[PDB]
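Which chain is which? The protein sequence lines are B and A, in order. Under the authors' numbering, the letters of the first sequence match residues 54 to 702, in that order. Under the authors' numbering, the letters of the second sequence match residues 54 to 702, in that order. Positions of the beta carbon are idealized from the N, C-alpha and C atoms, including for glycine. To keep things clear, I will list the structure first and then write my remarks on it.
Protein chains: 2
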Amino acid sequence: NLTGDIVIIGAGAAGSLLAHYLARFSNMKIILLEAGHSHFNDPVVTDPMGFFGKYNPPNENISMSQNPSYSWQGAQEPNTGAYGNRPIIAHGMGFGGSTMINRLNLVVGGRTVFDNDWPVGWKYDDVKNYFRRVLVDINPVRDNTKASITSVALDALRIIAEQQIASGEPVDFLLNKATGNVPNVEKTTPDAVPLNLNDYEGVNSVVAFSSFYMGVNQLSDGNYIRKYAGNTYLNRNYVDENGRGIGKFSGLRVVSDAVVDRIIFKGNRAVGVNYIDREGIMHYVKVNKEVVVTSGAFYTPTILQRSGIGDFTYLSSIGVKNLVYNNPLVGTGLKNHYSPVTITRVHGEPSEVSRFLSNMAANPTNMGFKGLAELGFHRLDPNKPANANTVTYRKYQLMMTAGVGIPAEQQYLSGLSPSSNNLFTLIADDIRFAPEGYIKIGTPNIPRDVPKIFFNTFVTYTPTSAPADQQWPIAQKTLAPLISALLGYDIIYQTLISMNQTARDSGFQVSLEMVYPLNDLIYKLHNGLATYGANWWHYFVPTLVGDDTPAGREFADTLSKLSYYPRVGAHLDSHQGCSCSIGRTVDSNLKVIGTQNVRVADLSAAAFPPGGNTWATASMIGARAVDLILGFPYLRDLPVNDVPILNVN
Amino acid sequence: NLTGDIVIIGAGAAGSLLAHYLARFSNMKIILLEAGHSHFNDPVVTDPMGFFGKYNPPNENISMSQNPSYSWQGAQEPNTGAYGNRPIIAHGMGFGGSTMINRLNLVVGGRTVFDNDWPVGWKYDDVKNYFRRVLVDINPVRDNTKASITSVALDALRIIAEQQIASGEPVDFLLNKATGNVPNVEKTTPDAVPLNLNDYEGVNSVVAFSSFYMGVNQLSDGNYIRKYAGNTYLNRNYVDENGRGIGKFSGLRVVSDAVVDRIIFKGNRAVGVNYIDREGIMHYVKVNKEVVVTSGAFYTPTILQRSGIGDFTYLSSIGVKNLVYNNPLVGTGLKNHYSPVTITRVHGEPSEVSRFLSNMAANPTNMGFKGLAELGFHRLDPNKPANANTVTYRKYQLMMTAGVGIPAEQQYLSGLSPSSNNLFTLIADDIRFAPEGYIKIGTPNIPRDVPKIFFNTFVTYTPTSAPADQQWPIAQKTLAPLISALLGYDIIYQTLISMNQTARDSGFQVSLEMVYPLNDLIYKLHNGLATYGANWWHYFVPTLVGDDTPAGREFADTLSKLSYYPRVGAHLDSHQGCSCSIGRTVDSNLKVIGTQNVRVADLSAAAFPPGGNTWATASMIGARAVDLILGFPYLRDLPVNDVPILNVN
Ligand SMILES: Cc1cc2nc3c(=O)[nH]c(=O)nc-3n(C[C@H](O)[C@H](O)[C@H](O)COP(=O)(O)OP(=O)(O)OC[C@H]3O[C@@H](n4cnc5c(N)ncnc54)[C@H](O)[C@@H]3O)c2cc1C
Ligand SMILES: Cc1cc2nc3c(=O)[nH]c(=O)nc-3n(C[C@H](O)[C@H](O)[C@H](O)COP(=O)(O)OP(=O)(O)OC[C@H]3O[C@@H](n4cnc5c(N)ncnc54)[C@H](O)[C@@H]3O)c2cc1C
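Below, the structure is given as structure tokens:
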């Protein structure tokens, strides 16, 4: 009954941008289908502080990610490395996709990752313009206030950096070789210029700064608003209430509350897509040129497999009727970030600790983030790439906030309840997280919130009856995440050690000591690390070492005991991706291998996790897909000053 | 073009029975729709020992409940009682429903529950016939191997019952009134008679027995077979591979791999239903006489709300197009069971402890359930109904099993590894669980695996500035499950203290005590119970009854500390139901209020959870529905010697 030319699945962080820009530069028809609906008039989502649970009913106070009305519930299979727990990860619904419910933080990832870990045609010098376009389209803002603790932390970081430069090691977490001998630490003078970590050139990869960039804008009244993909590209100024373009965009139509399940085929060419609406009737729309799937990391492999592309044996076993192309790589090698936490309690008298722990209240500009730096590889990490000693890589993202963020079980077990106001927290996020998994469809009837998702993070090692030299590489490969977590803990401990003297000489009379990981254990870890050198990680398996002295046995016991904290005392960030990576499921032209006219243009199609948060990356992939579909580098050569017009209502 | 007279939705524990006895006793064609498909030949479901995970790939070692191809994933919203945890409860898929993945334990429930907590027409003397029919049709078997510890436990229970009956207290857990002054404990003599707890007359309410009843059958080879509703009522004898009736059953037709979405109407009369098949197509089938929904506890209210019956405000807010009946009760009051776990350590010479703990290996006839008893209310329970001194109520279901059943986190924390061979578990089940919740849908597009499910278990009390005289009833109402759990812990403690003497007298020179609940803490709990009597539970709020007495401080501290284990060390049993009970949504005819020919025939329609495992109740309700639909008590007049024949292949 209907017809069309281009249909896009998922008005997310890339789908909305792609639809808007296809409508901008073309006369053909573009259709956008989205599972959810617009939420332009909700204080929970429109207000940035609504993410924190401000407009929630007293009997249903749950976050936006935990509402089935807002996001898909992606429960996973038990994690054998995490005591069998089943964390749930969510993808948002409606216009704007998952950007509706995020923390609104914006980063780029750096220049090294896009040059040494991506295929040709996707180096930094080809996507810097797209990064700039997206960043100036969102137009973030920085923090308003300036806490005293941030200056002390930056000074301590500068002291650590100068000590490391004086030592002269081949590679350290606080060394940047693109700037020379001078450390990349912002100065404490009131007139110090900000160290922008999303600079166009890419000089900063290991930089100590003081504020992130959030997609928040201030209105004329004086209250802040949340800016995301939906309220940037899909406002009433472009698409009306009916769901059709107005004036210049007359060729664009968007249907909301539409979920697709299957793609009609002709052997290699998609002939139509069917969707399910609120009343439950499936309609048929013709496809003339191409289709793009932008349903996210978890639901692009699912629609691909249910369409008839994937491992033939599995699809035939589960009863998939139509089979088109055979590929055992679909939905494989899923990557995600992971961030442990730590708590530090200050001592002294109430006046000084009150005047020192102030001005970190959450406001819509900092989102509770103070931020310290984005460090590199630790010197004693066994697993570094070849270019580690020559080119710096982003390994850790350091964050600090106020209060305590921990699940209540560990709060009760440790006894550090949030009643006390004399303690803060730090998060050493890991952007080089090693373990990967895969996604498989369960039943070929309807889209479902839970496919088969396997993700084993902190897996231990069992020795075999083999020579030790043949086992050590396998232990090195397997035991990477534990080493990374321990190195992050040691980094934070060194930061605290420097911060003690920095705060003592900065005019404050306080003493800072680690509390949550039982700082005596951290001290034992530091002593063992210093005494044992680079072979410290050999004591993960005491039997292979064979040492029986009390020092070695207690070091082994402490190392085993410290492995308990990252498994439960941490959080799993929702930065999943790389399920249809380039070179395995798709080529560098964003085309699936063996298909003719389908594309994937979301974070799933990425070939590697960026060195940080993953929003601008998805937006860039969408824009580059626009250029590849058109063939002309329109978005690369567009003037910077031309941006879409905001329209609140 | 496909049509039928009566359409049944959901081939669960009751739909299969209803369809079978509809085809047997009538000529009208019956159509059954099920989401899954037959698993007759799968060794994982057919072999009773396959429930424990014997036929799974080494790289996908997950149980049948956690596998999306076998069961739906019922992730619930976080509960403030369990530190915001989100346990997942699974409903089975395919022929037989959840009976495919259960432990097959069969318990009737008792007499008093069906007579005091159920309406007229659903009393015990009206459902005994159907309970007997179900038990005869399944034909369970008893245990094979006899354990020496079972006799010791039975003698200890007999001694405790003798003490309780000599004390002459008005009510206690080990007192029964259908027997008199003689304890209802099975004899320990070698020629003892089995003490059946599912007797026809229902005189058995508090019984100390030695073996449960499991739905397994021995074959000629010598191996057992899981006997559930699927192979019993829908085997190859009556329905072939193509799902058409054989002989008299020619009217019946069963379509596998069918997911129903909504029920169309004409103002007060349903006309047809639609389902999404394997090829993702919509099929419309005409309805002539009746439609019955038995989709389960979690998915009956969801389908009812998505159909057009339920709260108008919430459905209209979500976006449901059609509204029929304004019932604010659809999906209200969800009841489910609970089960804390304890661990006991046996001290002594290694040969003694090896000889004592023999013959507790799991078999396809006992499933590790040695079985102890079903107990009543504790004498110190603040909450007891009116008929406490008139009739006996069963509150607990005590069971014993070898090994340690606890999530691995607490195993690591306490150091009670399963590798040790001197520990066993005592489980104090709770069949009278107080708290309840509700079910709400999230998006009116497709039947989703995860709806909005709220269930808060262990909620604390908030003191208010007022005299405690008008505050105590509210605190008593709110603090019921904690009291029940602590009373069960005390029951297990005194059962163990009698176990010690009985084992010493029985020629076993072994000392034994509990470890996991921190035996000193439970000893302090028992001392405080004895000291304070009925005022023991007033110390959950130390502010309201503060005394500054060192004994008072110790009691308050040990009561606060003991509340952690029920929160962490327990498993939510999947006995959920009663969310669409009789008197709220349906009448005595099990007909939906405000409709004409809509009926519910599952466990969700139960007015109260039975005192035990809930497999038989669903089939009982299905048989009642058959009798109500037909109009003649055929199943009440069917001779016992008529049983359907099972077909292994
Ligand atoms: C709690 C949370 C916090 C985050 N914080 C940050 C942060 O601070 N910084 C950062 O950079 N990133 C952050 N992210 C990540 C960011 O929100 C997303 O990763 C980003 O939107 C990536 O783009 P996407 O296309 O994957 O988005 P998606 O939302 O995954 O886009 C796909 C969308 O398409 C729709 N869709 C899916 N399947 C179907 C279907 N079958 N039919 C129809 N429509 C469908 C849905 O609306 C879905 O959301 C956060 C994410 C979460 C969940
Ligand atoms: C792990 C586990 C252990 C258990 N152990 C015991 C035990 O020892 N003793 C005991 O008495 N009970 C036990 N139970 C409970 C017992 O298995 C069930 O509660 C009982 O069979 C209830 O049956 P039901 O048909 O009402 O529910 P279900 O079995 O959940 O019935 C639902 C049926 O309808 C189908 N269906 C659902 N939604 C749709 C839809 N939209 N369209 C079409 N079809 C649909 C499903 O595929 C399924 O066949 C256990 C349950 C679990 C999960």
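- As the crow flies, the alpha-carbon of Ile191(B) is around 8 Å from that of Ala282(B).
- Short of 7 Å from the beta carbon of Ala654(B), and not among the five residues preceding or following it, lie these beta carbons of its own chain, in chain order: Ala67, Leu71, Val345, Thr347, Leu643, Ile674, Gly675 and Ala678.
- When only Cα atoms are considered, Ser632(B) and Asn169(A) end up about 57 Å apart.
- Within chain B, the residues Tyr136 and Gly137 have their CB atoms less than 9 Å from the CB of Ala461(A), given in chain order.
- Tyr74(A): member of the alpha helix (DSSP H) spanning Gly68 to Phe78, first to last residue.
- Taking the Cβ atoms as the reference, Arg289(B) lies roughly 5 Å from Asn700(B), within the contact range of under 8 Å.
- Per DSSP, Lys614(A) lies in no beta strand (DSSP E) segment; the continuous alpha helix (DSSP H) that holds it begins and ends at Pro603 to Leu615.
- In the DSSP assignment, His144(A) is bridged to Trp125(A).
- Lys301(A) and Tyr277(A) have their C-alpha atoms roughly 30 Å apart.
- Taking a C-beta cut-off of 8 Å against chain A, the contacting residues of the segment 465-499 of chain B are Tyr465, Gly495, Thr496, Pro497, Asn498 and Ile499, listed in chain order.
- At least one heavy atom of ligand 2 lies closer than 8 Å to the C-beta of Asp655(A).
- Distance between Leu272(B) and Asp196(B), taken at the CA atoms: about 16 Å.
- Check the Cα spacing between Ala583(B) and each of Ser467(B), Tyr291(B), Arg432(B) and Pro663(B): the tightest is with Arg432(B).
- For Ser118(B), the secondary structure class from DSSP, reduced to helix, strand or coil, is helix.
- Taking 7 Å as the Cβ-Cβ cut-off, the segment 504-521 of chain A approaches chain B at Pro504 and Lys505, given in chain order.
- Sixteen is the threshold: since fewer than 16 other Cβ atoms of the shown chains lie within 10 Å of the Cβ of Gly468(B), the residue is exposed.
- Residue environment: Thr515(B) is assigned as exposed (fewer than 16 neighbouring CB atoms within 10 Å of its CB, all protein chains considered).
- Across the structure, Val256(B) and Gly363(B) are spaced so that their CA atoms are roughly 42 Å apart.
- Here DSSP, grouped into helix, strand and coil, assigns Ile59(A) to strand.
- Under the Cβ distance rule, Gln358(A) does not count among the residues neighbouring chain B, no pair being separated by less than 9 Å.
- Contacts with chain B at 9 Å (Cβ-Cβ) include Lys374(A).
- The criterion of a C-beta distance shorter than 9 Å is satisfied by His73(B) and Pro697(B).
- The three-state reading of DSSP puts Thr445(B) in coil, since its state is none of H, G, I, E or B.
- In the DSSP secondary-structure assignment, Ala455(A) is bridged to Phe477(A).
- Put simply, the segment 81-90 of chain A does not touch the segment 98-107 of chain A. Fewer than three CB pairs are less than 8 Å apart.
- Rounded to the nearest whole angstrom, the C-alpha separation of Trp589(A) and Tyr449(A) is 20 Å.
- Any Cβ of chain B closer than 9 Å to the Cβ of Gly333(A) would place that residue at the interface, and such an atom is present.
- Taking a Cβ-Cβ cut-off of 9 Å, the neighbours of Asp502(B) in chain A comprise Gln126, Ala128, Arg501, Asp502 and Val503, given in sequence order.
- Between the segment 531-543 of chain B and the segment 434-450 of chain B there are three or more inter-stretch CB-CB distances shorter than 8 Å, so the stretches are counted as touching.
- With contacts defined by Cβ atoms closer than 9 Å, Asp483(A) and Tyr337(A) do not form a contacting pair.
- Under the Cβ distance rule, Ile115(B) counts among the residues neighbouring chain A, one pair being separated by less than 9 Å.
- Of all residues in the segment 160-187 of chain B, none comes within less than 9 Å of chain A when Cβ atoms are compared.
- Relative to the non-hydrogen atoms of ligand 2, the Cβ of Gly233(A) never comes closer than 8 Å to any of them.
- Going by beta carbons, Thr355(B) and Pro500(B) fall inside the 9 Å limit.
- No heavy atom of ligand 2 is found nearer than 8 Å to the CB of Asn237(A).
- Legend: CB atoms of the segment 309-328 of chain A lying less than 8 Å from CB atoms of chain B belong to residues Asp310, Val312, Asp314, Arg315 and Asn327.
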